[PDB]
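Everything below concerns the one structure shown next.
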Amino acid sequence: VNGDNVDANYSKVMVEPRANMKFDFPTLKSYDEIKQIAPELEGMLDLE
Amino acid sequence: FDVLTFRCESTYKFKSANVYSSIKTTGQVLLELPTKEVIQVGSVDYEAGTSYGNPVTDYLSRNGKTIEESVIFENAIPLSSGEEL
């Protein structure tokens, strides 16, 4: 009755997934968060 | 009932080239008894507007065979040959 042109619009268009190869350097925390993890260690080690 | 023959008639009205504006499909359904008496079991009463096909015939197109009377031979035989005709 309603036709084969309409019932194709009854099924939904599904999304196939792809891969999402990123590189992902390790996630840098924020600096105010980085000093709750490590307390008063600032300016003590020589970085060289 | 074991088997049913649907002897049916249709009345179409159009709205475009292959859409229908209205369909009226009536008909009689038939049962063959073992004593060869044919008694009607019921009726068809279909009526719709703005359709794209007839449901009654499309149901019978797949779920049953047509009562075929024009039985065609495997190889057709010519009656007369030459120039006679």
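To be explicit about the labels: the chains of the structure tokens are called A, B, and onward in the order shown, and within each one the residues are counted from 1, while ligands get numbers from 1 in the order they are shown.
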
### Message
Could you list, as a PyMOL selection string, every residue within 6 Å of region 47-55 of chain B, counting only C-alpha atoms and ignoring same-chain residues fewer than 5 positions away?
### Response
(chain A and resi 1-3) or (chain B and resi 19-24)

For the selection just defined, write its residues with N, CA, C and O atoms to a file, as a PDB file, in the first residue's frame.
```pdb
ATOM      1  N   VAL A   1       0.831  -1.201   0.000  1.00  0.00           N
ATOM      2  CA  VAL A   1       0.000   0.000   0.000  1.00  0.00           C
ATOM      3  C   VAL A   1       0.865   1.251   0.000  1.00  0.00           C
ATOM      4  O   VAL A   1       0.679   2.152  -0.825  1.00  0.00           O
ATOM      5  N   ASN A   2       1.824   1.329   0.914  1.00  0.00           N
ATOM      6  CA  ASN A   2       2.589   2.549   1.081  1.00  0.00           C
ATOM      7  C   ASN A   2       3.780   2.648   0.144  1.00  0.00           C
ATOM      8  O   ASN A   2       4.367   3.726   0.033  1.00  0.00           O
ATOM      9  N   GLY A   3       4.138   1.572  -0.547  1.00  0.00           N
ATOM     10  CA  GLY A   3       5.148   1.681  -1.580  1.00  0.00           C
ATOM     11  C   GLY A   3       6.553   1.365  -1.121  1.00  0.00           C
ATOM     12  O   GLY A   3       6.896   1.559   0.048  1.00  0.00           O
TER      13      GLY A   3
ATOM     14  N   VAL B  19       0.838   5.189  -9.465  1.00  0.00           N
ATOM     15  CA  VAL B  19       0.218   5.200  -8.149  1.00  0.00           C
ATOM     16  C   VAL B  19      -1.276   5.033  -8.378  1.00  0.00           C
ATOM     17  O   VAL B  19      -1.761   5.229  -9.498  1.00  0.00           O
ATOM     18  N   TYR B  20      -2.003   4.632  -7.347  1.00  0.00           N
ATOM     19  CA  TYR B  20      -3.443   4.484  -7.485  1.00  0.00           C
ATOM     20  C   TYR B  20      -4.150   5.492  -6.594  1.00  0.00           C
ATOM     21  O   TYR B  20      -3.679   5.811  -5.507  1.00  0.00           O
ATOM     22  N   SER B  21      -5.269   6.026  -7.075  1.00  0.00           N
ATOM     23  CA  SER B  21      -6.040   6.962  -6.265  1.00  0.00           C
ATOM     24  C   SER B  21      -7.016   6.227  -5.368  1.00  0.00           C
ATOM     25  O   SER B  21      -7.310   6.672  -4.256  1.00  0.00           O
ATOM     26  N   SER B  22      -7.556   5.118  -5.854  1.00  0.00           N
ATOM     27  CA  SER B  22      -8.449   4.288  -5.067  1.00  0.00           C
ATOM     28  C   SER B  22      -8.413   2.886  -5.641  1.00  0.00           C
ATOM     29  O   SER B  22      -8.167   2.698  -6.833  1.00  0.00           O
ATOM     30  N   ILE B  23      -8.636   1.904  -4.778  1.00  0.00           N
ATOM     31  CA  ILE B  23      -8.752   0.512  -5.182  1.00  0.00           C
ATOM     32  C   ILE B  23      -9.996  -0.043  -4.515  1.00  0.00           C
ATOM     33  O   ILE B  23     -10.161   0.102  -3.302  1.00  0.00           O
ATOM     34  N   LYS B  24     -10.876  -0.652  -5.296  1.00  0.00           N
ATOM     35  CA  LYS B  24     -11.951  -1.468  -4.758  1.00  0.00           C
ATOM     36  C   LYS B  24     -11.792  -2.880  -5.281  1.00  0.00           C
ATOM     37  O   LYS B  24     -11.883  -3.114  -6.488  1.00  0.00           O
TER      38      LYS B  24
END
```

### Message
I need the strand (DSSP E or B) residues of chain B per DSSP on the backbone, written as number ranges by chain.
### Response
B: 5-14, 20-32, 38-51

### Query
In terms of the shortest atom-to-atom distance over only C-alpha atoms, which of B:30, B:39, B:3, B:56 is closest to chain A?
B:56

### Message
For a quick check of understanding, using only C-alpha atoms, which of B:58, B:74, B:69, B:2 has the smallest distance to chain A?
### Response
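Closest candidate: B:58.
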
## Note on the structure
Atom pair CA of residue 70 (chain B) + CA of residue 4 (chain B), distance 20.3 Å

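When CA of residue 33 (chain B) is paired with CA of residue 7 (chain B), their separation reads 16.6 Å.
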
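Residues lying within 8 Å of residue 29 (chain B), counting only C-alpha atoms and ignoring same-chain neighbours fewer than 2 positions away, are residues 4, 5, 6, 7, 27, 31, 40, 41, 42, 43 and 44 of chain B.
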
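The coordinates place CA of residue 28 (chain B) at 14.7 Å from CA of residue 1 (chain B).
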
### Message
Please extract the residues of chain A with a backbone DSSP assignment of helix (DSSP H, G or I) and present them as a VMD selection string.
### Response
chain A and resid 7 to 9 31 to 37
